[PDB]
Structure formats: C-alpha cells, structure tokens
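In the structure tokens that follow, the same protein chain appears in two forms, which are kept apart as structure 1 and structure 2.
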Structure 1
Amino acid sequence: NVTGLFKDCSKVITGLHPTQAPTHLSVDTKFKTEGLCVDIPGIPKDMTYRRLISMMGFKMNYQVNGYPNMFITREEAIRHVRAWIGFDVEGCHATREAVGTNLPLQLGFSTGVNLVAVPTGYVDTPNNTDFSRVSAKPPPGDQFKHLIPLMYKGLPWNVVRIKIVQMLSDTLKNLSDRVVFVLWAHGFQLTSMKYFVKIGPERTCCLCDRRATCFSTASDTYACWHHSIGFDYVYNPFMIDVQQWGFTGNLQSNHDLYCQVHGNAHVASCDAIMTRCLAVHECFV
C-alpha cells in the first residue's frame, strides 16, 4: 500500500519524469510498464515545477545502535518529570498552489509561550527541495477564528527555531539535562519538530561535559542548555504521547477530570499546559 508521508500536494495532474521522480509511485503513468519504468526519448523532463511535499506521517521507531530513542516509556518520562515541557501546535491548511497538508502556524509550550511562524513548507524543485513560504489559509471553524490574524503576524522559521532553543534553554538549564515534550496526538507535533529538531548520536557540549541538547548549523557545534546562545536547533529531544495512555475523548475532557484551573482550549500554549497538567495528574496520583 502507500503512506501519507512525503505526499505530493501539488495540483499538477501529470506525474514526474523518471529522472526527477523521487519514487516509482511519483513517476508519470506514461512511463510505467511491467512494474518498471521506461525512458521515452521525446518527452522532456520538467524544469519549472514546484511541488509541495507533505511532512505529515513521520515514524520514529528506528532502532540504530548509538542513536537514542525520541519517544520514551511512561516510566522513563516519570523519572525525568523535571524535563517535561508541554507542546502543541495549531496549524494552517495549504491552499492555492497546493492542497493536502498542514503547516505549523502557532507553536505553544507549557511555559505559556506562543510563537507564530510564517506558513512554510518543503517544496520539491527540479534541482532540490526548497524550504520556503507557501500559500496557506486558516482552518474553518469558530474555535479557529483567533488564527486568522496570525496568518499575517508570523516570524521566519530561522528566527522561530532560535527562540525555541532560547526558551527551552532558559527554562531547563537549572532543571534537567534534557527535554521531554509532553504531547497529545503526536502526529502534527512531530511534523512541526521537523522545522526545529535534529537527531543523531549522543554528543557532549563543546564547552563542558554535559550532554548536548542543542545544535548550531552555522558552526556545526553542539551545546547544552547553558551554552546554547545563538543555537538554532534542538538536538536529541525526548517526547511521549499522553493520548496513547488509554484515554477516551479529547484533551480538555480528560484534563477536566483532574483539574479545573486550566481552560481556553485550541490555543497552542493552553493545550500544551493542559497536556502537561494531565500527564502529571495521571502519573503521580
């Protein structure tokens, strides 16, 4: 069968030339025969296309020696409760030139911080993948009316991911040597992490012996929460999906079973606060 990961969201009715298609499925039907593809002299390859590629459907279930796991067990998360940071993202829908994927719009954290980002997606070109702004619209609904003015108040992602690293460093440098993103329905949250998370083997800070929690693309260096000034990427974070703990219903209905002092759902930071709050009540009572 097929998966939604890397789904082509363009509105072009024709497929890709065999030299430009990333996969056999993306090849145009005219070239397919006997389960393979054939080159057709006279049908040139496209040199002006821009195809938005969906980043929904990541599966972080790899088992590679030397690489730590991103998703951790509940008992492991309980041990590192000091590193818990609730995380939720309100997204917008791609429109006009593409359709079929969501883009991160408002990133919220249990620290109460909301970061609005410019609708940015990954666009395949005849030469490479273009990380650039894409046309997007807020999702229909009255609970999403507060997202309409945010469509023209976002920041470039190079600035957003620096603010995320700065916020997490100021919050956790005296609490933990890592971060545990507390999630509810990790699907779109994991998609948003593609914009500001890098993974790899366990590294140490370039200035001390602490483990590396941040990465800088400008210097190819690693740092902990204390020495991450200017760094733009979160390195080897951990996370867990509270929705997979056997809950029935949405986030707020389960949060309200234990807590009555958090509300205002569908705002990114408020959902992140309720997620961490529900995780605390469920794990330690």
Structure 2
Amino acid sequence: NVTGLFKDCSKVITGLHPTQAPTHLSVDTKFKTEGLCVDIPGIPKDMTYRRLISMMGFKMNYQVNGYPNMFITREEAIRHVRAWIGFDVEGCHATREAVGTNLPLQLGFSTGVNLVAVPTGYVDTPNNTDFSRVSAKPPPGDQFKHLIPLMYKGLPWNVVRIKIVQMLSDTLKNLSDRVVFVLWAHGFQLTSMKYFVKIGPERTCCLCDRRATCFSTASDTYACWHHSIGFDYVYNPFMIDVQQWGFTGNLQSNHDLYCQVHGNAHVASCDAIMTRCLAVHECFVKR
C-alpha cells in the first residue's frame, strides 16, 4: 500500500496544496474527490512550510543498461577482497519540529575511523528541498545516552564527505580500483550513503586511465583513488550485506564464533571491523 521512503515527518496536521504536493497521497483531503484532486480558487499554496522527508527505505534493485551493480554477488566480493571496507552507522532520531526518521550521527569504518556528523536531514519547502541541520535526540534507552554528547560535536556533512573520500582514497589507492562496503543489514547504511555517494555509468578518472571512484560536485569531474584530493563524493561504490548470508542472531554473536581479538567496544567502527572480520571468515575459512 505505502512505503516509508520519503515519509513526511513533520507535525503539520494539514496536507499539501495540489500544486505543491509531490504525490497524490500527500495532497490535503479537502482537495480530493472521485479518486482525483480539484483546484479550489481561494485556497492558495502555502509559502512557509518546512517538512522533514525521511530517507529511510531506499530500494536499490534496478537493472538499467550501462549502469553497474551497487550490491554485488558474494563471488564478486571475494574476487575484490582487497577492496573490502566494513561500514556501520549509529543514528539519532528526529525530534521537536519533526518525528519519525533517523539521521546519521556516527559513521564508522573498518579502518578504525569514526566520523561524527551534525544531525542533518532533507527538508521540503515551497521551493528546493533544503539539506539542513535538524533537531535530534538519541534513540531511547539508557544504553544510548552516551550518544548525547556526540550530537553537539559533529562536523557539517560537506566536511564529513570530503573526509570519507580522503580516508577511502588513502586506504585503497594501492589496494584496489574500487571499494566494496561490507555491511551488516543495509537499510540505515544505505540511508547514510545518500549523504556521500553518487552513481551513474562507469567513468574514467580525469587525470589517468583508471576507473572513477570519486566525484566532485564543485568541478563536475571524476577521479580515481590516486587523483581525488578535494573530491566530495564516493562514485559507484560496491556493497554487500553479510547479514543475508544465512546467519541467525546478531553481529557480535556470529563474529565471536570465529574471532576473539575484536572485543565489542560499542561504537560504529567496531561494528564495521567485526562485519569485515566475520565476512573474511565466512568467505575464506575452508570447511
């Protein structure tokens, strides 16, 4: 019937004018009749709203000629084990002016790096969707209250994504021509990738013959891991969801069956480290 993708998380009780509503569902009920919508002169468009739109629920299950896979097979992942980067994200929850979606708070990688982002969301307005800071709270529970100080120590996303590209480039330039993000579950990781990933046809670096791994919005150019200084987007990453390989139970319990040297520090980078670690064991341990 409905999806939560692009759910309106505002607390406004009325709906949208027919000229401003992105969809039939979002039109205010006053305008709906006979399965259609009507224009009502004298009930004009609204010029002041700010409606947080949820980015939870991406579905990357397309087949478009000339565009590569994002999610890859296990066999392809195995071939590209040098490109594996575990990735996990801790989130915070929208509050106050909006409620009902989660924003990336701490992004962690199997390099051991954690980056903290300002709570940021996609806000529909009478004009362009506004990418902006939003009010946020920790997820409910005593075990999350340690996230509270992080909600005041974050970096703006424009800095965060440059740092992600720099980190991946420094890590991978002498290892691989690509990145494979190794995930445990994928929904919130994919939500977080909306903030720092772009996709399209396979491209080549503007400075050499390698495939492009990075994109620059400022210059509209493409670079490989060697030539990406200043670039802000990861371009055509690959990824695989380890949780889908038949496991029951949570990440730590499955990781700990194989490995005793990654004690759980309860932080995104540690989840990312355990995810890549579990993936290596599951794919390569001979049985």
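Residue numbering: sequential along structure 1, first residue numbered 1. Take the two forms, find the largest set of C-alpha atoms that superpose within 1.5 Å, and that set is the rigid core.
Here residue 145 exhibits a Cα shift of 2.9 Å between structure 1 and structure 2, evaluated on the superposed rigid core. Its Cα shifted by 1.3 Å between structure 1 and structure 2, residue 42 is reported here after superposition on the rigid core. Lined up on the core, residue 265 has its CA atom moved by 4.8 Å between structure 1 and structure 2.
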